[PDB]
Amino acid sequence: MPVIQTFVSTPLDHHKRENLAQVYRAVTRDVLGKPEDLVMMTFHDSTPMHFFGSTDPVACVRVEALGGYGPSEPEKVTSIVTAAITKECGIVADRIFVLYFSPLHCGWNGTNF
Amino acid sequence: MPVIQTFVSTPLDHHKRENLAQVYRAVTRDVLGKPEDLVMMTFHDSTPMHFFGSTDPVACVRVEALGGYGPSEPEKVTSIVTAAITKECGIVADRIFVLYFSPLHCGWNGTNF
Amino acid sequence: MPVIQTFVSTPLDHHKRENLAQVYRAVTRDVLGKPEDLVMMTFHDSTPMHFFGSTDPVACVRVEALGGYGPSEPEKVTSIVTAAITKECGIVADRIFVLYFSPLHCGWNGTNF
């Protein structure tokens, strides 16, 4: 049950959020080896941000997965998510961060896994 | 000094935020064994989200506590928070995540604990 | 490549966000010993919050740094960030939290570090 929070400084519309959600569903299944229905995704658009001396279009994506990551998984996720944010949002790769964490515990449907 | 961030895809009004804050104050004291005045709670309503193939009402609650959790605490917290979000927001349990982390350090009142 | 997310319950304007960004750039370089251009900062103002029995002006700052922190760094960061939030926002020190985490992995410019 991974969580992916997407912060961007630009506006997101239906089209971009759907396209990103489908990207994240694909990487959850294909790279993370997990069911795509179980990735919970939040979108935080028009976030005031500052990076490398400016407020120009920038993104920070956070990935949370219980049990951490396989050895080649984060590099793949970073590659795919970056290109997708550049595609959909027009944000340049050198203004995109992707951070990886793993929680200690995760509850879903009232119970912990 | 725990932190609880509540993201929901639905609107929260005064009534729901107060009711949730009182739920979180109670679980901090009764389950976490900590002073209820020291839980900091943030509310992020009307968050665009995607989960299990849809944007239907969904919640993600994050819990951060320095020093981690007792062996039965996360299951209790998850049970209480889930029911409370279902009660106040009408969000179904199988569309509610609760993630648990613990920071390395925490500052309050200008000093670290 | 640290990340600093600033949540406050009060409104932030251009002036406050610029002033805080410059504070965070300075502490990244001077305390964290890292390039100030590489701190990514997000600002989340007018966040509905609850703490110590009220919704009065309150702040939660999250700091994420790959590889963790030197022994005296978090205390310094907490001291500087707290005073700066009190200065710019008028939020009292005993209503300011600063949490420190470190991600497992970080991507920037399509690649992981």
# chains A, B, ... in the order shown; residues from 1 in each chain; ligands from 1
$ select_by_dssp --residues "chain A" --states "alpha helix (DSSP H)" --output "JSON, numbers by chain"
{"A": [14, 15, 16, 17, 18, 19, 20, 21, 22, 23, 24, 25, 26, 27, 28, 29, 30, 73, 74, 75, 76, 77, 78, 79, 80, 81, 82, 83, 84, 85, 86, 87, 88, 89]}
$ write_last_selection --atoms "N, CA and C atoms" --output "compact mmCIF listing (two decimals), in the first residue's frame"
# COMPACT_ATOMS: atom_id res chain seq x y z
N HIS A 14 -8.01 18.41 -14.42
CA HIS A 14 -8.47 17.03 -14.49
C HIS A 14 -7.52 16.18 -15.32
N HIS A 15 -7.18 16.70 -16.49
CA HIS A 15 -6.37 15.98 -17.46
C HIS A 15 -5.01 15.57 -16.89
N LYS A 16 -4.34 16.50 -16.22
CA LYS A 16 -3.01 16.22 -15.67
C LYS A 16 -3.08 15.25 -14.50
N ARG A 17 -4.08 15.41 -13.65
CA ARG A 17 -4.23 14.53 -12.49
C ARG A 17 -4.56 13.10 -12.91
N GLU A 18 -5.47 12.96 -13.87
CA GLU A 18 -5.75 11.64 -14.43
C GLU A 18 -4.49 11.01 -15.06
N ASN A 19 -3.78 11.77 -15.90
CA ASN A 19 -2.58 11.27 -16.56
C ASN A 19 -1.50 10.87 -15.55
N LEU A 20 -1.29 11.70 -14.54
CA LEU A 20 -0.34 11.33 -13.49
C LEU A 20 -0.80 10.11 -12.71
N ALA A 21 -2.08 10.07 -12.32
CA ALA A 21 -2.56 8.90 -11.60
C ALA A 21 -2.31 7.62 -12.40
N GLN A 22 -2.48 7.67 -13.72
CA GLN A 22 -2.26 6.48 -14.52
C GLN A 22 -0.78 6.12 -14.60
N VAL A 23 0.08 7.13 -14.66
CA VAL A 23 1.52 6.90 -14.54
C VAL A 23 1.88 6.22 -13.22
N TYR A 24 1.31 6.71 -12.12
CA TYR A 24 1.63 6.17 -10.80
C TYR A 24 1.06 4.77 -10.61
N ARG A 25 -0.10 4.51 -11.21
CA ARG A 25 -0.68 3.17 -11.15
C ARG A 25 0.24 2.19 -11.88
N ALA A 26 0.73 2.59 -13.04
CA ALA A 26 1.65 1.76 -13.83
C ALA A 26 2.97 1.47 -13.11
N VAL A 27 3.58 2.49 -12.49
CA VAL A 27 4.86 2.25 -11.84
C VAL A 27 4.72 1.42 -10.56
N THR A 28 3.55 1.48 -9.93
CA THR A 28 3.28 0.70 -8.74
C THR A 28 3.24 -0.78 -9.09
N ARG A 29 2.62 -1.07 -10.22
CA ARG A 29 2.46 -2.44 -10.66
C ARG A 29 3.74 -2.95 -11.29
N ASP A 30 4.31 -2.17 -12.21
CA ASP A 30 5.43 -2.65 -13.02
C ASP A 30 6.80 -2.56 -12.37
N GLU A 73 14.61 -0.29 -7.65
CA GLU A 73 13.30 0.36 -7.75
C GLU A 73 13.30 1.90 -7.65
N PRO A 74 13.97 2.47 -6.64
CA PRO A 74 13.91 3.93 -6.60
C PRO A 74 14.44 4.63 -7.86
N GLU A 75 15.54 4.15 -8.44
CA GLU A 75 16.05 4.80 -9.66
C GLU A 75 15.01 4.76 -10.80
N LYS A 76 14.33 3.64 -10.95
CA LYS A 76 13.30 3.50 -11.98
C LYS A 76 12.12 4.44 -11.73
N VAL A 77 11.63 4.43 -10.50
CA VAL A 77 10.53 5.30 -10.13
C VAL A 77 10.89 6.76 -10.40
N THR A 78 12.08 7.15 -9.97
CA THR A 78 12.52 8.54 -10.17
C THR A 78 12.57 8.91 -11.65
N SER A 79 13.09 7.99 -12.46
CA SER A 79 13.17 8.22 -13.89
C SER A 79 11.77 8.43 -14.54
N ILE A 80 10.83 7.55 -14.21
CA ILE A 80 9.47 7.58 -14.75
C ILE A 80 8.63 8.75 -14.23
N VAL A 81 8.66 8.95 -12.92
CA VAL A 81 7.93 10.07 -12.35
C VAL A 81 8.44 11.43 -12.87
N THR A 82 9.76 11.59 -12.96
CA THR A 82 10.34 12.85 -13.44
C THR A 82 9.88 13.14 -14.87
N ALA A 83 10.13 12.20 -15.78
CA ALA A 83 9.66 12.36 -17.15
C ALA A 83 8.16 12.66 -17.22
N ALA A 84 7.35 11.99 -16.41
CA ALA A 84 5.90 12.22 -16.42
C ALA A 84 5.48 13.61 -15.94
N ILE A 85 6.15 14.11 -14.91
CA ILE A 85 5.89 15.45 -14.42
C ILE A 85 6.37 16.48 -15.46
N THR A 86 7.51 16.22 -16.09
CA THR A 86 7.97 17.09 -17.18
C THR A 86 6.97 17.09 -18.35
N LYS A 87 6.53 15.90 -18.75
CA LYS A 87 5.49 15.75 -19.79
C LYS A 87 4.21 16.51 -19.47
N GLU A 88 3.57 16.16 -18.35
CA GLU A 88 2.25 16.72 -18.04
C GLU A 88 2.25 18.18 -17.59
N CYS A 89 3.27 18.57 -16.83
CA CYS A 89 3.29 19.88 -16.17
C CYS A 89 4.24 20.87 -16.83
$ closest_atom_pairs --of "chain C" --to "chain B" --cutoff "7 Å" --atoms "only C-alpha atoms" --output "Markdown table"
| residue | atom | partner | partner_atom | distance |
| --- | --- | --- | --- | --- |
| C:47 | CA | B:42 | CA | 6.8 |
| C:48 | CA | B:43 | CA | 5.4 |
| C:49 | CA | B:42 | CA | 4.4 |
| C:50 | CA | B:41 | CA | 5.2 |
| C:51 | CA | B:40 | CA | 4.8 |
| C:52 | CA | B:37 | CA | 3.9 |
| C:53 | CA | B:37 | CA | 6.0 |
| C:75 | CA | B:112 | CA | 5.8 |
| C:78 | CA | B:110 | CA | 5.7 |
| C:79 | CA | B:110 | CA | 4.9 |
| C:82 | CA | B:110 | CA | 5.5 |
| C:93 | CA | B:109 | CA | 4.5 |
| C:94 | CA | B:109 | CA | 4.1 |
| C:95 | CA | B:109 | CA | 6.9 |
| C:96 | CA | B:108 | CA | 5.8 |
| C:97 | CA | B:108 | CA | 4.7 |
| C:98 | CA | B:107 | CA | 4.7 |
| C:99 | CA | B:106 | CA | 4.6 |
| C:100 | CA | B:105 | CA | 5.1 |
| C:101 | CA | B:103 | CA | 5.0 |
$ write_last_selection --atoms "N, CA, C and O atoms" --output "mmCIF file, in the first residue's frame"
data_model
loop_
_atom_site.group_PDB
_atom_site.id
_atom_site.type_symbol
_atom_site.label_atom_id
_atom_site.label_comp_id
_atom_site.auth_asym_id
_atom_site.auth_seq_id
_atom_site.Cartn_x
_atom_site.Cartn_y
_atom_site.Cartn_z
ATOM 1 N N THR C 47 -3.420 27.076 6.912
ATOM 2 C CA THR C 47 -3.769 25.676 7.200
ATOM 3 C C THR C 47 -4.612 25.562 8.460
ATOM 4 O O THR C 47 -4.193 26.013 9.521
ATOM 5 N N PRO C 48 -5.809 24.951 8.362
ATOM 6 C CA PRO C 48 -6.566 24.764 9.590
ATOM 7 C C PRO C 48 -5.832 23.812 10.526
ATOM 8 O O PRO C 48 -5.539 22.658 10.142
ATOM 9 N N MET C 49 -5.542 24.287 11.735
ATOM 10 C CA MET C 49 -4.774 23.511 12.713
ATOM 11 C C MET C 49 -5.394 23.576 14.115
ATOM 12 O O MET C 49 -6.286 24.387 14.390
ATOM 13 N N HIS C 50 -4.945 22.717 14.986
ATOM 14 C CA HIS C 50 -5.444 22.601 16.336
ATOM 15 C C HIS C 50 -4.261 22.065 17.149
ATOM 16 O O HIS C 50 -3.553 21.188 16.732
ATOM 17 N N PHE C 51 -4.042 22.721 18.281
ATOM 18 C CA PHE C 51 -2.888 22.539 19.143
ATOM 19 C C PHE C 51 -3.093 23.210 20.520
ATOM 20 O O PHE C 51 -3.489 24.326 20.608
ATOM 21 N N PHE C 52 -2.812 22.455 21.554
ATOM 22 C CA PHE C 52 -2.923 22.942 22.904
ATOM 23 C C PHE C 52 -4.300 23.529 23.151
ATOM 24 O O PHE C 52 -4.390 24.541 23.726
ATOM 25 N N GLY C 53 -5.359 22.895 22.671
ATOM 26 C CA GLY C 53 -6.717 23.350 22.866
ATOM 27 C C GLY C 53 -7.247 24.517 22.053
ATOM 28 O O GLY C 53 -8.249 25.084 22.354
ATOM 29 N N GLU C 75 19.422 21.280 16.834
ATOM 30 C CA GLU C 75 19.154 22.334 17.826
ATOM 31 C C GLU C 75 19.311 23.744 17.217
ATOM 32 O O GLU C 75 18.509 24.641 17.476
ATOM 33 N N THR C 78 16.407 24.419 14.742
ATOM 34 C CA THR C 78 15.184 24.691 15.500
ATOM 35 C C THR C 78 15.182 26.096 16.089
ATOM 36 O O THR C 78 14.169 26.805 16.047
ATOM 37 N N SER C 79 16.321 26.500 16.632
ATOM 38 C CA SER C 79 16.447 27.833 17.194
ATOM 39 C C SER C 79 16.208 28.949 16.146
ATOM 40 O O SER C 79 15.446 29.888 16.378
ATOM 41 N N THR C 82 12.512 28.744 14.458
ATOM 42 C CA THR C 82 11.493 29.204 15.410
ATOM 43 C C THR C 82 11.485 30.735 15.487
ATOM 44 O O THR C 82 10.461 31.377 15.244
ATOM 45 N N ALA C 93 6.667 31.057 20.008
ATOM 46 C CA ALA C 93 7.553 29.886 20.013
ATOM 47 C C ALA C 93 6.917 28.597 20.556
ATOM 48 O O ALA C 93 7.238 27.501 20.099
ATOM 49 N N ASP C 94 6.030 28.722 21.537
ATOM 50 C CA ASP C 94 5.421 27.541 22.134
ATOM 51 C C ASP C 94 4.238 27.069 21.301
ATOM 52 O O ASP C 94 3.492 26.183 21.703
ATOM 53 N N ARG C 95 4.066 27.662 20.133
ATOM 54 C CA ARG C 95 3.127 27.135 19.170
ATOM 55 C C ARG C 95 3.838 26.850 17.856
ATOM 56 O O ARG C 95 3.239 26.950 16.798
ATOM 57 N N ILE C 96 5.114 26.481 17.937
ATOM 58 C CA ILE C 96 5.902 26.135 16.749
ATOM 59 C C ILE C 96 6.591 24.782 16.949
ATOM 60 O O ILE C 96 7.330 24.597 17.913
ATOM 61 N N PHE C 97 6.316 23.830 16.060
ATOM 62 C CA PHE C 97 7.009 22.542 16.044
ATOM 63 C C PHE C 97 7.955 22.526 14.857
ATOM 64 O O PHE C 97 7.674 23.125 13.817
ATOM 65 N N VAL C 98 9.067 21.818 15.004
ATOM 66 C CA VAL C 98 9.979 21.574 13.902
ATOM 67 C C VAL C 98 10.321 20.100 13.984
ATOM 68 O O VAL C 98 10.909 19.656 14.974
ATOM 69 N N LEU C 99 9.926 19.338 12.966
ATOM 70 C CA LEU C 99 10.208 17.903 12.932
ATOM 71 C C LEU C 99 11.310 17.588 11.919
ATOM 72 O O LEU C 99 11.371 18.205 10.865
ATOM 73 N N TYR C 100 12.169 16.631 12.259
ATOM 74 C CA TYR C 100 13.302 16.251 11.420
ATOM 75 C C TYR C 100 13.185 14.791 10.970
ATOM 76 O O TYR C 100 13.038 13.873 11.793
ATOM 77 N N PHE C 101 13.275 14.574 9.665
ATOM 78 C CA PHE C 101 13.278 13.233 9.127
ATOM 79 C C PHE C 101 14.448 13.097 8.180
ATOM 80 O O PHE C 101 15.125 14.081 7.851
#
$ select_by_dssp --residues "stretch 14-106 of chain A" --states "strand (DSSP E)" --output "list in words"
residues 40, 41, 42, 43, 44, 49, 50, 59, 60, 61, 62, 63, 64, 96, 97, 98, 99, 100, 101, 105 and 106 of chain A
$ write_last_selection --atoms "C-alpha atoms" --output "mmCIF file, in the first residue's frame"
data_model
loop_
_atom_site.group_PDB
_atom_site.id
_atom_site.type_symbol
_atom_site.label_atom_id
_atom_site.label_comp_id
_atom_site.auth_asym_id
_atom_site.auth_seq_id
_atom_site.Cartn_x
_atom_site.Cartn_y
_atom_site.Cartn_z
ATOM 1 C CA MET A 40 -3.158 6.228 -2.688
ATOM 2 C CA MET A 41 -2.305 9.440 -4.504
ATOM 3 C CA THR A 42 -2.772 13.022 -3.405
ATOM 4 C CA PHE A 43 -2.328 16.082 -5.600
ATOM 5 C CA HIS A 44 -1.287 19.476 -4.238
ATOM 6 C CA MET A 49 7.575 26.954 -3.549
ATOM 7 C CA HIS A 50 11.157 28.201 -3.686
ATOM 8 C CA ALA A 59 7.819 19.766 -8.158
ATOM 9 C CA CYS A 60 8.335 17.630 -5.089
ATOM 10 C CA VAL A 61 7.032 14.091 -5.141
ATOM 11 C CA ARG A 62 7.000 11.968 -1.965
ATOM 12 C CA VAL A 63 6.810 8.194 -2.074
ATOM 13 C CA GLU A 64 5.954 6.163 1.032
ATOM 14 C CA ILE A 96 11.881 17.981 -9.722
ATOM 15 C CA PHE A 97 12.638 16.145 -6.453
ATOM 16 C CA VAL A 98 11.404 12.671 -5.588
ATOM 17 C CA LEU A 99 11.820 11.610 -1.958
ATOM 18 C CA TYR A 100 11.427 8.030 -0.688
ATOM 19 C CA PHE A 101 10.353 7.050 2.812
ATOM 20 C CA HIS A 105 3.080 0.882 10.155
ATOM 21 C CA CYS A 106 0.157 1.258 7.783
#
$ atom_distance --atom1 "atom CA of residue C:7" --atom2 "atom CA of residue A:8"
15.7 Å
$ atom_distance --atom1 "atom CA of residue A:54" --atom2 "atom CA of residue A:10"
13.6 Å
$ atom_distance --atom1 "atom CA of residue B:56" --atom2 "atom CA of residue B:91"
8.8 Å
$ decode --residues "chain C" --atoms "C-alpha atoms" --output "PDB file, in the first residue's frame"
ATOM      1  CA  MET C   1      19.281  18.220  -1.066  1.00  0.00           C
ATOM      2  CA  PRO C   2      17.135  19.034   1.958  1.00  0.00           C
ATOM      3  CA  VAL C   3      13.387  19.684   1.817  1.00  0.00           C
ATOM      4  CA  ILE C   4      11.640  22.100   4.162  1.00  0.00           C
ATOM      5  CA  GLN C   5       7.850  22.174   4.310  1.00  0.00           C
ATOM      6  CA  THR C   6       6.331  25.065   6.221  1.00  0.00           C
ATOM      7  CA  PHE C   7       2.760  24.779   7.479  1.00  0.00           C
ATOM      8  CA  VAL C   8       1.243  27.781   9.200  1.00  0.00           C
ATOM      9  CA  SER C   9      -2.326  28.519  10.239  1.00  0.00           C
ATOM     10  CA  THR C  10      -1.910  32.177   9.258  1.00  0.00           C
ATOM     11  CA  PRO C  11      -1.752  33.701   5.757  1.00  0.00           C
ATOM     12  CA  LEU C  12       1.652  34.094   4.104  1.00  0.00           C
ATOM     13  CA  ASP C  13       2.282  36.880   1.631  1.00  0.00           C
ATOM     14  CA  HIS C  14       5.101  37.470  -0.818  1.00  0.00           C
ATOM     15  CA  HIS C  15       7.099  39.295   1.835  1.00  0.00           C
ATOM     16  CA  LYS C  16       6.919  36.516   4.436  1.00  0.00           C
ATOM     17  CA  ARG C  17       7.632  33.716   1.965  1.00  0.00           C
ATOM     18  CA  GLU C  18      10.655  35.527   0.556  1.00  0.00           C
ATOM     19  CA  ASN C  19      11.953  36.322   4.079  1.00  0.00           C
ATOM     20  CA  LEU C  20      11.482  32.728   5.206  1.00  0.00           C
ATOM     21  CA  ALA C  21      13.077  31.341   2.052  1.00  0.00           C
ATOM     22  CA  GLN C  22      16.128  33.498   2.728  1.00  0.00           C
ATOM     23  CA  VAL C  23      16.254  32.272   6.328  1.00  0.00           C
ATOM     24  CA  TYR C  24      16.101  28.664   5.115  1.00  0.00           C
ATOM     25  CA  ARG C  25      18.745  29.278   2.447  1.00  0.00           C
ATOM     26  CA  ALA C  26      21.048  30.683   5.150  1.00  0.00           C
ATOM     27  CA  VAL C  27      20.562  27.810   7.607  1.00  0.00           C
ATOM     28  CA  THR C  28      21.110  25.236   4.849  1.00  0.00           C
ATOM     29  CA  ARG C  29      24.463  26.752   4.030  1.00  0.00           C
ATOM     30  CA  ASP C  30      25.628  27.855   7.479  1.00  0.00           C
ATOM     31  CA  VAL C  31      24.292  25.133   9.768  1.00  0.00           C
ATOM     32  CA  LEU C  32      23.656  22.221   7.428  1.00  0.00           C
ATOM     33  CA  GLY C  33      26.792  22.921   5.362  1.00  0.00           C
ATOM     34  CA  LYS C  34      24.948  22.429   2.053  1.00  0.00           C
ATOM     35  CA  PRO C  35      24.395  24.561  -1.041  1.00  0.00           C
ATOM     36  CA  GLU C  36      21.498  26.967  -0.428  1.00  0.00           C
ATOM     37  CA  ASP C  37      20.280  26.557  -4.016  1.00  0.00           C
ATOM     38  CA  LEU C  38      19.514  22.909  -3.291  1.00  0.00           C
ATOM     39  CA  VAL C  39      16.992  23.332  -0.476  1.00  0.00           C
ATOM     40  CA  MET C  40      13.477  22.878  -1.847  1.00  0.00           C
ATOM     41  CA  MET C  41      10.930  24.808   0.185  1.00  0.00           C
ATOM     42  CA  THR C  42       7.161  24.580   0.160  1.00  0.00           C
ATOM     43  CA  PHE C  43       4.792  26.977   1.898  1.00  0.00           C
ATOM     44  CA  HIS C  44       1.352  25.947   3.148  1.00  0.00           C
ATOM     45  CA  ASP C  45      -0.420  28.905   4.624  1.00  0.00           C
ATOM     46  CA  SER C  46      -3.839  29.353   6.164  1.00  0.00           C
ATOM     47  CA  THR C  47      -3.769  25.676   7.200  1.00  0.00           C
ATOM     48  CA  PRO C  48      -6.566  24.764   9.590  1.00  0.00           C
ATOM     49  CA  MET C  49      -4.774  23.511  12.713  1.00  0.00           C
ATOM     50  CA  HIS C  50      -5.444  22.601  16.336  1.00  0.00           C
ATOM     51  CA  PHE C  51      -2.888  22.539  19.143  1.00  0.00           C
ATOM     52  CA  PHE C  52      -2.923  22.942  22.904  1.00  0.00           C
ATOM     53  CA  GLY C  53      -6.717  23.350  22.866  1.00  0.00           C
ATOM     54  CA  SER C  54      -7.063  25.978  20.181  1.00  0.00           C
ATOM     55  CA  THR C  55      -6.856  27.046  16.549  1.00  0.00           C
ATOM     56  CA  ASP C  56      -4.745  30.133  17.395  1.00  0.00           C
ATOM     57  CA  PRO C  57      -1.733  30.917  15.172  1.00  0.00           C
ATOM     58  CA  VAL C  58       0.522  27.833  15.104  1.00  0.00           C
ATOM     59  CA  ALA C  59       3.254  26.423  12.870  1.00  0.00           C
ATOM     60  CA  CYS C  60       4.664  23.047  11.942  1.00  0.00           C
ATOM     61  CA  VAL C  61       7.901  22.938  10.009  1.00  0.00           C
ATOM     62  CA  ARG C  62       9.196  19.657   8.543  1.00  0.00           C
ATOM     63  CA  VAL C  63      12.827  19.169   7.609  1.00  0.00           C
ATOM     64  CA  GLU C  64      13.936  16.256   5.421  1.00  0.00           C
ATOM     65  CA  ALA C  65      17.614  15.560   4.751  1.00  0.00           C
ATOM     66  CA  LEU C  66      19.205  12.520   3.188  1.00  0.00           C
ATOM     67  CA  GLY C  67      21.927  11.162   5.491  1.00  0.00           C
ATOM     68  CA  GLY C  68      20.471  12.724   8.624  1.00  0.00           C
ATOM     69  CA  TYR C  69      22.062  15.439  10.763  1.00  0.00           C
ATOM     70  CA  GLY C  70      25.291  16.359  12.553  1.00  0.00           C
ATOM     71  CA  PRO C  71      25.156  16.255  16.351  1.00  0.00           C
ATOM     72  CA  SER C  72      24.489  19.984  16.975  1.00  0.00           C
ATOM     73  CA  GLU C  73      22.594  20.771  13.758  1.00  0.00           C
ATOM     74  CA  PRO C  74      18.975  20.121  14.705  1.00  0.00           C
ATOM     75  CA  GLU C  75      19.154  22.334  17.826  1.00  0.00           C
ATOM     76  CA  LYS C  76      20.563  25.205  15.732  1.00  0.00           C
ATOM     77  CA  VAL C  77      18.015  24.784  12.960  1.00  0.00           C
ATOM     78  CA  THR C  78      15.184  24.691  15.500  1.00  0.00           C
ATOM     79  CA  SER C  79      16.447  27.833  17.194  1.00  0.00           C
ATOM     80  CA  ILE C  80      16.751  29.803  13.902  1.00  0.00           C
ATOM     81  CA  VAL C  81      13.577  28.562  12.246  1.00  0.00           C
ATOM     82  CA  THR C  82      11.493  29.204  15.410  1.00  0.00           C
ATOM     83  CA  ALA C  83      12.737  32.776  15.834  1.00  0.00           C
ATOM     84  CA  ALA C  84      12.184  33.396  12.086  1.00  0.00           C
ATOM     85  CA  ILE C  85       8.607  32.114  12.135  1.00  0.00           C
ATOM     86  CA  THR C  86       7.961  34.217  15.265  1.00  0.00           C
ATOM     87  CA  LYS C  87       9.518  37.248  13.504  1.00  0.00           C
ATOM     88  CA  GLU C  88       7.724  36.937  10.155  1.00  0.00           C
ATOM     89  CA  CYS C  89       4.392  35.408  11.201  1.00  0.00           C
ATOM     90  CA  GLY C  90       3.931  36.568  14.794  1.00  0.00           C
ATOM     91  CA  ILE C  91       3.442  32.955  15.887  1.00  0.00           C
ATOM     92  CA  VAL C  92       4.704  32.365  19.438  1.00  0.00           C
ATOM     93  CA  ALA C  93       7.553  29.886  20.013  1.00  0.00           C
ATOM     94  CA  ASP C  94       5.421  27.541  22.134  1.00  0.00           C
ATOM     95  CA  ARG C  95       3.127  27.135  19.170  1.00  0.00           C
ATOM     96  CA  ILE C  96       5.902  26.135  16.749  1.00  0.00           C
ATOM     97  CA  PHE C  97       7.009  22.542  16.044  1.00  0.00           C
ATOM     98  CA  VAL C  98       9.979  21.574  13.902  1.00  0.00           C
ATOM     99  CA  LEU C  99      10.208  17.903  12.932  1.00  0.00           C
ATOM    100  CA  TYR C 100      13.302  16.251  11.420  1.00  0.00           C
ATOM    101  CA  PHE C 101      13.278  13.233   9.127  1.00  0.00           C
ATOM    102  CA  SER C 102      15.618  11.671   6.634  1.00  0.00           C
ATOM    103  CA  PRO C 103      14.382   9.904   3.511  1.00  0.00           C
ATOM    104  CA  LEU C 104      15.911   6.637   2.324  1.00  0.00           C
ATOM    105  CA  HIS C 105      16.485   7.946  -1.198  1.00  0.00           C
ATOM    106  CA  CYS C 106      16.272  11.217  -3.086  1.00  0.00           C
ATOM    107  CA  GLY C 107      15.912  11.865  -6.787  1.00  0.00           C
ATOM    108  CA  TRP C 108      16.747  15.123  -8.528  1.00  0.00           C
ATOM    109  CA  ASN C 109      17.129  15.775 -12.250  1.00  0.00           C
ATOM    110  CA  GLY C 110      15.839  12.266 -12.990  1.00  0.00           C
ATOM    111  CA  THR C 111      18.571  10.551 -10.964  1.00  0.00           C
ATOM    112  CA  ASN C 112      18.952   9.301  -7.365  1.00  0.00           C
ATOM    113  CA  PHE C 113      21.533  10.345  -4.838  1.00  0.00           C
TER     114      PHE C 113
END
